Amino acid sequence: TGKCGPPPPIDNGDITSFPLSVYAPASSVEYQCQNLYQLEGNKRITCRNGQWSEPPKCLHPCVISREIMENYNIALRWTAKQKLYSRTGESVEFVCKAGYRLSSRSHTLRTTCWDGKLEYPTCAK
């Protein structure tokens, strides 16, 4: 009893083996997330009692926004080290443009990407 069918696709990830039509109970397969996506949780799913266990999630990278940076009077700190796309968990460092200073209540100039979202610092003249 308890065989499973082919393992479920997940967004932005792939299993590391060729899918089969049927799997014995206790069988397992593993996922990997695509390059700039961070795999959250356990990469392995196991077949038990007719069902696969819960696959991991592939957490989204963050893209910097020209519009937001212009609006907030900030720029990337490191011109030769531009993290245009950042992994979830990775930090991006900004600076105030010439003639501006960190606003009160602003997030720090260094900020961390989480699943697509960057909380940008804000500078004022």
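The first residue of the shown sequence is 1; numbering continues from there.
Stretches 84-92 and 47-55 differ in mean CA B factor, with 84-92 having the higher one. The stretch 114-122 shows the higher mean C-alpha B-factor when 4-12 is compared against 114-122 in the entry. Between the residues 28, 71, 65, 34, the entry's highest C-alpha temperature factor is the one at 71. Among all modelled residues in its chain, residue 76 ranks in the middle third by Cα B-factor. Among all modelled residues in its chain, residue 41 ranks in the middle third by Cα B-factor.
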